[PDB]
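Novice:
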Ligand SMILES: CC1(C)Nc2nc(N)[nH]c(=O)c2N=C1C(=O)NCCN1CC[C@@H](SC[C@H]2O[C@@H](n3cnc4c(N)ncnc43)[C@H](O)[C@@H]2O)C[C@@H]1C(=O)O
Ligand SMILES: [Cl-]
Ligand SMILES: [Cl-]
Ligand SMILES: [Cl-]
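Numbering (the deposited numbering), first residue to last: 0 to 421.
(1) Quick one: what's got a C-beta closer than 7 angstroms to residue 180's C-beta in the same chain, skipping five residues either side?
(2) With a threshold of 7 angstroms (Cβ to nearest heavy atom), would residue 273 be considered close to ligand 6?
(3) State the start and end residues of the unbroken beta strand (DSSP E) segment that holds residue 198.
(4) Is there contact here, the region 58 to 68 with the region 0 to 15, by at least three beta-carbon pairs under 8 angstroms?
(5) Taking the alpha helix (DSSP H) that residue 23 falls in, what are its first and last residues?
(6) Buried or exposed: where does residue 141 fall if 16 or more other Cβ atoms within 10 Å of its Cβ makes it buried?
(7) In the structure shown, what three-state DSSP assignment does residue 311 receive?
(8) Are the Cβ atoms of residue 240 and residue 163 separated by less than 8 angstroms?
(9) How about residue 67 and residue 31: are their beta carbons less than 8 angstroms apart?
(10) Of the choices 250, 292, 33, 301, whose alpha-carbon is the least far from that of residue 324?
(11) Beta-carbon within less than 7 angstroms of residue 470's beta-carbon, same chain only, minus the 5 sequence neighbours each way: which residues are those?
(12) Can you tell me where the beta strand (DSSP E) holding residue 337 begins and where it ends?
(13) Report yes if the CB atom of residue 128 is closer than 8 angstroms to the CB atom of residue 58, and no otherwise.
(14) Per DSSP, residue 298 forms a beta bridge with which residues?
(15) Whose beta carbon lies closer than 5 angstroms to any heavy atom of ligand 4, going through the chain in order?
(16) Report yes if the CB atom of residue 318 is closer than 8 angstroms to the CB atom of residue 363, and no otherwise.
(17) Using the Cβ count rule (16 or more neighbours within 10 Å means buried), how would you classify residue 276?
(18) With a cut-off of 8 angstroms, do at least 3 Cβ pairs link the region 344 to 357 to the region 303 to 320?
(19) Counting only runs that start and end within the region 24 to 59, where is the beta strand (DSSP E) found for 3 or more residues in a row?
(20) Rounded C-beta distance between residue 143 and residue 116? I'm assuming under 8 angstroms.
(21) Mind checking which residues open and close the alpha helix (DSSP H) that includes residue 95?
(22) When every heavy atom of ligand 3 is checked, does at least one fall within less than 7 angstroms of the C-beta of residue 95?
(23) Tell me the DSSP secondary structure of residue 131 in three-state form.
(24) Is the region 262 to 273 in contact with the region 283 to 300, if contact means three or more CB pairs nearer than 8 angstroms?
(25) Between the alpha carbons of residue 424 and residue 314, how many angstroms are there, rounded?
(26) Tell me whether the beta-carbon of residue 133 lies closer than 8 angstroms to the beta-carbon of residue 106.
(27) Give a single yes or no on whether residue 136 has its beta carbon closer than 7 angstroms to a heavy atom of ligand 3.
(28) If we count Cβ pairs, one from each stretch, closer than 8 angstroms, do we get three or more for the region 329 to 342 versus the region 359 to 374?
(29) Quick check on residue 194: buried or exposed, where buried means 16 or more other Cβ atoms within 10 Å of its Cβ?
(30) Residue 38: beta carbon under 7 angstroms from a heavy atom of ligand 3?
(31) Does the distance from the C-beta atom of residue 418 to that of residue 175 stay below 8 angstroms?
(32) Using DSSP bridges, identify the partner residues of residue 2.
(33) To the nearest angstrom, how far is the alpha carbon of residue 158 from that of residue 152?
(34) Who are the Cβ neighbours of residue 102 in its own chain at under 6 angstroms, not counting the five residues just before and after it?
(35) By Cβ distance, which residues of its chain are closer than 7 angstroms to residue 98, with the 5 residues on each side in sequence left out?
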């Protein structure tokens, strides 16, 4: 059938989620095939000269190449219906922030000029955020009305665009933001290292950031609920101050084990939070009520709180042990009204597992995912057990092995990988 390039943009809400939901909606049609997804691109909002500053929020843009038996006017109707389902107000103030925009950028060499639909899109050749993903998908494409134009040169003329390292792949990377004393680096008149560390995660491609205040050191000083909350709160305030300018606004996960902390942080910051990553699922019943109320994603971790190393898990019954435990916590979440698609599992390599047990469980991650019918979060970064490394390996060695395992997990389409370095 006929090939089309669909342009997709967003500048409000959970931006990568918005794009993905538009693409899933297309892919769910039996009369559409997705041929290829482009890279993600970041640009400043193109606005009228007198627009309120509140509308000046960075866009996330891409495009998809599809084949379909739908004719152009039928495709347009579908796109409008997808916009509605995602939550767009089709009659909102032009130029104002929007959860999604879908445009038919091109249809092979078709030239269609009607009041309701022009193809190629009239502004294709004036918008770097539409031309760049289009040319990535169709390298030799010429605009059928302007065949002489070298569109690669035109794109350079337009400029004003960043090709991100965030992607539309099945595996998304969760970059670690540790606010404990392990990362303390305040100077006389600055506390900005975590600011450079946030930028490094964003630039390097992290789609999600996981913010936690607990140290990972054995025998670290424990922290009050107030101190944990305050550290998260501060960071979140900072993030909110910068949202509109970031080249890419990451999904935000909060890494805490304490119900109190989850309550107070959600009450204050729910609209910027995508997920709660729970380090120890004690009091899952009341945590489930809070996750239901705020419609967030939640991670069940296999952390049974084992302090006696002799009691660590052996490989031979490890699959059953992890499944039984996660299954029971899943069923509690489901009985509290949480949608199963909002629940992820994490084997928890550093919690109560022998090294061979950790390796064996990672080797069987896909079977575990199928058995539990839950998406997987893998936290392998700097963990010598799953990396197959000596426990005193240096950081360069830990990070190298981490990156190599990351590539392998991405090829296996693991849902989320939690890492220190992308
Ligand atoms: C604010 C602005 C400029 N700032 C940005 N800044 C950055 N950095 N990045 C951005 O992405 C960005 N976006 C921006 C932006 O406004 N976006 C809206 C893009 N789209 C959305 C779909 C249609 S909505 C109106 C009708 O157009 C008619 N129509 C005719 N031809 C077509 C066609 N080929 N495809 C679909 N609809 C078509 C239908 O009948 C529809 O009812 C057209 C509209 C546009 O282009 O004006
Ligand atoms: Cl060209
Ligand atoms: Cl991509
Ligand atoms: Cl991709």
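Cβ atoms here follow ideal geometry from the backbone N, Cα and C, with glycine treated the same way.
Specialist: The structure says:
(1) 214
(2) Absent from the structure shown: ligand 6. Ligands present: ligand 1, ligand 2, ligand 3 and ligand 4.
(3) Going by DSSP, residue 198 is part of no beta strand (DSSP E) but of the alpha helix (DSSP H) stretching over 192 to 203.
(4) yes
(5) 14 to 26
(6) Flag for residue 141 reads exposed.
(7) coil
(8) no
(9) Yes, they are a contact pair.
(10) Here the closest residue by C-alpha is 301.
(11) Outside the shown range of the chain (0 to 421) lies residue 470, about which nothing can therefore be said.
(12) First-last for residue 337: undefined, no H or E at that position.
(13) yes
(14) Note: residue 298 is bridge-paired with 276, 343 in the DSSP secondary-structure output.
(15) 36, 166, 167, 168
(16) yes
(17) buried
(18) Contact between the region 344 to 357 and the region 303 to 320 is present: 3 or more CB-CB pairs across the two stretches fall below 8 angstroms.
(19) 31 to 36, 40 to 42
(20) Actually they are not in contact, since the Cβ atoms of residue 143 and residue 116 sit about 15 angstroms apart, beyond 8 angstroms.
(21) Residue 95 -> no alpha helix (DSSP H), and no H or E assigned at all.
(22) no
(23) Look at residue 131 here: in three-state DSSP terms it is helix.
(24) yes
(25) The first residue shown for the chain is 0 and the last is 421, placing residue 424 beyond what the model contains.
(26) no
(27) The closest heavy atom of ligand 3 lies 7 angstroms or more from the beta carbon of residue 136.
(28) yes
(29) exposed
(30) In this structure, the C-beta of residue 38 approaches ligand 3 to less than 7 angstroms from one of its heavy atoms.
(31) yes
(32) 66
(33) Cα to Cα, the separation comes out at about 10 angstroms.
(34) 6, 120
(35) 9, 11, 12, 17, 85, 86, 87
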